[PDB]
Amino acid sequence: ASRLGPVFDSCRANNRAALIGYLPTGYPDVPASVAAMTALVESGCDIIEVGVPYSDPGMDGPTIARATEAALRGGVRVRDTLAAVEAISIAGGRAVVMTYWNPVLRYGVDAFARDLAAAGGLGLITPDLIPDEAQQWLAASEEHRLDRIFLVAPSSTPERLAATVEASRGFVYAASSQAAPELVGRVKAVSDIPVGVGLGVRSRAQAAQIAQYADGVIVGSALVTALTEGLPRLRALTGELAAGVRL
């Protein structure tokens, strides 16, 4: 089974989807970001996406890209992300790391998987790593018992979607009007792996719309904006999002 298997299992048994919240390490600073990720656990986040700020995030929207620019300006390091994963685990949370692949290559693919597992991390979301280049990652993924969350797109060919879902473990990230549920149907037609959907969820009503067909609701840009206004707004927005996934 997968490390996140039990997480989605207790979600389906409660007639709800999983709330998956993203936050970048080191925004506005490293201690403040860890305090915010701990707040996500307290406020009802099932899975945490701890993002590694990268200097050239091509797949990141403007809100997240400007927060990782600020975090890098503040001097965030890759090891700071593993410190946040350790803090989230001690607080009873469940955390995966989302990062571009070059920081992993610089760290060492086997060494990063080892230290990520040793910090309590459960998986790795790789937006710019396709299974065709994941030879080293697949080996370290199995050796250290880590989930590998690959991404699929509305433009994925049937041969590539099946191959990408076959290579995934834990859940499949489906990134993008009705193209999001159609993409989820293509995955569920070839495998029974949970599917996460993140299209810029913004309110409680939007979280329920995705939760009608997706196993996990991925929220990222909205949590960063809430954290900019303040920490109390983050737990308030996360509270509204936690109520939407149960509807």
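Residue numbers run from 1 along the displayed sequence.
Engineer: As recorded in the PDB entry, how many deposited residues are without coordinates between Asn102 and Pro103: none, 1 to 3, 4 to 9, or 10 or more?
Structural biologist: According to the record, the chain runs unbroken from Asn102 to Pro103.
Engineer: Per the entry, where is the mean C-alpha temperature factor higher: 36-44 or 53-61?
Structural biologist: Averaging CA B-factors over each stretch, the winner is 36-44.
Engineer: Between 27-35 and 210-218, name whichever shows the higher mean Cα B factor according to the PDB entry.
Structural biologist: Mean C-alpha B-factor is greater for 210-218.
Engineer: Can you tell me which of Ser155, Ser177, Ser89, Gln136 has the maximum CA B-factor listed in the PDB entry?
Structural biologist: So the option with the highest C-alpha B-factor is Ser177.
Engineer: Check where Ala70 lands among this chain's C-alpha B-factors and tell me if it's the lowest, middle or highest third.
Structural biologist: According to the entry, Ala70 has a C-alpha B-factor in the chain's lowest third.
Engineer: Could you tell me which third, lowest, middle or highest, the C-alpha B-factor of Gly123 occupies within its chain?
Structural biologist: Middle third, going by the recorded CA B-factors of the chain.
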